[PDB]
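Structural characterization, general
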Amino acid sequence: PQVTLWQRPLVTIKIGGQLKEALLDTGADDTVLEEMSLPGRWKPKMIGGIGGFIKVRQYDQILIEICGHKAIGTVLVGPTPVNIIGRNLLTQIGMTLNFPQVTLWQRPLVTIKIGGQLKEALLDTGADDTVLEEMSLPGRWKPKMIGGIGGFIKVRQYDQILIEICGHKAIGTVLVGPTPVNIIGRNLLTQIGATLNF
Amino acid sequence: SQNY
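Residues numbered from 1 in each chain as written, not as in the entry; some residues may be left out. Chains lettered and ligands numbered in written order. Heavy atoms only, no water.

What the deposited record gives as its method is X-ray crystallography, and the resolution it gives is 2.00 Å.

On to the overall build of chain A. The helix and strand inventory of chain A stands at 2 helices and 18 strands. Relative to its length of 198 residues, chain A is compact, with a C-alpha radius of gyration of 17 Å against a globular reference of 16 Å. Each principal axis of the C-alpha distribution contributes one length, and for chain A these read about 55 × 30 × 25 Å. Burial statistics for chain A: of 198 residues in total, 53% are counted as buried. Accessible area of chain A: about 9400 Å², with a carbon and sulfur share of 54%. (Helix = DSSP H or I, 4+ residues; strand = E, 2+ residues; numbered from the N terminus. Rg over C-alpha atoms; globule rule 2.2 N^0.38 Å. Buried < 20%, exposed > 50% of the residue type's maximum accessible area, 1.4 Å probe, protein only. Areas by Shrake-Rupley, 256 points an atom, 1.4 Å probe, with all protein chains shown as cover.)

For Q61 of chain A, which is not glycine, the phi torsion reads 55 degrees and is therefore positive. Relative to the elements of secondary structure, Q61 of chain A occurs in strand β6 (residues 52–66). Of note in this structure, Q2 of chain B is not a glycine but carries a positive phi near 65 degrees.

It is worth spelling out the interface of chain A and chain B at this point. If you look at the interface, chain A gives 21 residues, while chain B gives 4 residues. A combined buried area of about 860 Å² lies between chain A and chain B, and 49% of that area is made up of carbon and sulfur atoms. Counting the contacts that link chain A with chain B gives 0 salt bridges. The tally of links from chain A across to chain B stands at 4 residue pairs in polar contact. By residue number, the principal contributor to the side of chain A that touches chain B is strand β14 (residues 142–148) of chain A, which donates 4 residues. Per-class residue counts for the side of chain A that touches chain B are 11 nonpolar, 5 polar and 5 charged. (Contact = heavy atoms within 4.5 Å. Buried area = accessible area lost by both parts, 1.4 Å probe. Salt bridge = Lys/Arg side-chain N within 4 Å of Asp/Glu carboxyl O. Polar contact = N/O pair within 3.5 Å; in protein donor to acceptor, adjacent residues only side chain to side chain. Nonpolar A, V, L, I, M, F, W, Y, C, P; charged D, E, K, R; others polar.)

What follows covers the pattern of salt bridges. All names here are of chain A. Scanning the model with the defined rule gives 9 salt bridges over all chains in all. Across the pair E35 and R57 runs a salt bridge whose closest N-O atoms are separated by 2.6 Å. Note that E35 is positioned in the loop between β4 (32–33) and β5 (43–49) and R57 in strand β6, a separation of 22 residues in sequence. Judged by relative accessible area, which is 16%, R57 ranks as buried. Residues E164 and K169 are paired through a salt bridge, measuring 3.4 Å at the closest nitrogen-oxygen approach. We classify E164 as partly exposed; its relative accessible area is 21%. Connected via shared salt-bridge partners are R8, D128 and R186.

Glancing now at the pairing of β6 of chain A. Residue and element names in this part refer to chain A. Of the strand pairs in this sheet, strand β2 (residues 10–15) and β6 are connected by 3 bridges, and their pairing is antiparallel. From the neighbouring strand, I13 faces β6, where its bridge partner is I66. Two strands pair when backbone bridges link them, and β5 and β6 are joined in this way by 7 bridges, in the antiparallel orientation. Note on β6: the bridge partner recorded for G48 is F53. (Pairing = 2+ DSSP bridges.)

Residues and elements named next belong to chain A. Spatially, 4 strands are ordered β1-β18-β9-β10 in an open sheet, and the strand pairing comes out antiparallel. Each edge of the open sheet is held by one strand with a lone partner, namely β1 (2–4) and β10 (101–103). Strand-to-strand twist in this sheet, taken as the mean axis angle between neighbours without regard to direction, amounts to 25 degrees. Direction of pairing for strand β9 (residues 96–98) relative to strand β18 (residues 195–197): antiparallel, over a ladder of 3 bridges. Paired with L97 across the bridge in β18 is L196. (Axes fitted to C-alpha atoms, helices over the stretch in contact; angles between N-to-C directions.)

Looking now at the layout of surface pockets. Approximately 410 Å³ is the volume attributed to the largest pocket. Considering the residues around the largest pocket, the lining is formed by 22 residues, among which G27, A28, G48 and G49 of chain A together with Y4 of chain B are closest to the centre. Element by element, the count of residues in the lining of the largest pocket is highest for β5 of chain A, at 3 residues. Here the lining of the largest pocket is built from residues that sort into 12 nonpolar, 5 polar and 5 charged. Counting the residues that make up the lining of the largest pocket, at least three belong to each of domain 1 (1–99) and domain 2 (100–198) of chain A. (1 Å grid on protein atoms, 1.4 Å probe; cavity = no way out; pocket = protein on both sides within 12 Å on 5 of 7 lines; lining within 4 Å. Points joined across faces, edges and corners; volume = space filled by probe spheres on them. Domains from an automatic or database assignment.)

Below, the structure written as structure tokens:
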């Protein structure tokens, strides 16, 4: 199945005998699920993201069914605002990003040009918006807060910003702030015709 | 908000 990114790429997953909805997240190295009941032992762990860090319980060798496709791997359970399926599992179900096909064994990084500057960014299907690390940008902006795994961060919102992503031009909103990594969200991914295929 |  092929999926466009005009909407959040949600899928049905079965794990620990329970059915849930989760977000296919190319920007996530791992899989993190909201609090739930899982059998066996786990290991304390801290993961980072926008907003900061959160403590999670690490379950290894867990069987998970993502839209019918079976996979076994590590699942983190903690105070995440959204269930997300990270690359550790996306690779198991043959997930690829197309916009130029890209597998997910490595972070899907791209070169972008914005504000006359060159940078590297992460193609993030789990992000609604595009968020870049502090940088010099022309024009006016408006205060705005966005949430993430570790909480929220204050960012500067710039509209109608021209950005080139691996040669492809797009114009849209770009948020600049305390993000741990530059991420290209769905607002821009749709413009470069990005699709998820598995 | 949000972005993951």
